[PDB]
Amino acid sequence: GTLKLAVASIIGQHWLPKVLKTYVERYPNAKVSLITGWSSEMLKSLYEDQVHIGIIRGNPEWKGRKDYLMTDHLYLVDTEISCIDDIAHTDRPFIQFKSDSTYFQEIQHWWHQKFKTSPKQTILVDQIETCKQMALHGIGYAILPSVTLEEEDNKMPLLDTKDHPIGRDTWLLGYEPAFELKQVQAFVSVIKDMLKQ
């Protein structure tokens, strides 16, 4: 049977391929169709019956099954700047992801509460991986979730006013019937079987 997934974009790109590798590896010839996007768009997709499973970010309201999956944390990245305080004075441009989720407002709030000022809006982008690439090309600094980071060329954790890392969840949503279907069960399996680490 054919598994129809809706995955948030950064998840689709960075976390899911190891998941799908093992899923393909123990279930040869099993079909997978994958749509990606903003959590909001994939939630809306899931709701309207287009997919079996949604892998959504944030805190989606959902009246079916919802599995917490994981949590990651916000990092400021730049090629030059090594000290997060420096960004208050920086003239290096700020490369901001903005969508309809809370991501953007969370960062605006952290910034307002950390530096007692507004961040300069210069570069606005609508997808997170683009912000990452533009940061990796030295254009400016970005704030990315650690699920999108590796041994790439400076990463500085965001901590709130009480020294706590911020702060973002990934869930697995779906209605009951989907979890009745088998390949969904083998996929949820592979996920929870993988996460054993």
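In this text, residue numbers run from 1 along the sequence as written.
**Student:** What number of deposited residues lacks coordinates in the span between residue 48 and residue 49: none, 1 to 3, 4 to 9, or 10 or more?
**Tutor:** Unmodelled stretch: none, continuous chain.
**Student:** Is the mean CA B factor in the deposited entry higher across 107 to 115 or across 84 to 92?
**Tutor:** Comparing 107 to 115 with 84 to 92, the higher mean C-alpha B-factor belongs to 84 to 92.
**Student:** Averaging CA B factors per stretch from the PDB record, which one is higher: 25 to 33 or 164 to 172?
**Tutor:** Stretch with the higher mean C-alpha B-factor: 25 to 33.
**Student:** What third of the chain, by the recorded C-alpha B-factor, contains residue 102?
**Tutor:** According to the entry, residue 102 has a C-alpha B-factor in the chain's middle third.
**Student:** Relative to the other modelled residues in the chain, which third contains the C-alpha temperature factor of residue 191: lowest, middle or highest?
**Tutor:** Its C-alpha B-factor, which the entry lists for residue 191, ranks in the highest third among residues of this chain.
**Student:** Among the modelled residues of this chain, does the Cα B factor of residue 41 put it in the lowest, middle or highest third?
**Tutor:** For residue 41, whose C-alpha B-factor we compare with every modelled residue in the chain, the answer is the lowest third.
**Student:** Ranking every modelled residue in this chain by its Cα temperature factor as given in the entry, which third contains residue 129?
**Tutor:** CA B-factor rank for residue 129: lowest third.
**Student:** Place residue 10 in the lowest, middle or highest third of its chain's C-alpha B-factors, as listed in the PDB entry.
**Tutor:** Answer is lowest: the recorded C-alpha B-factor places it there.
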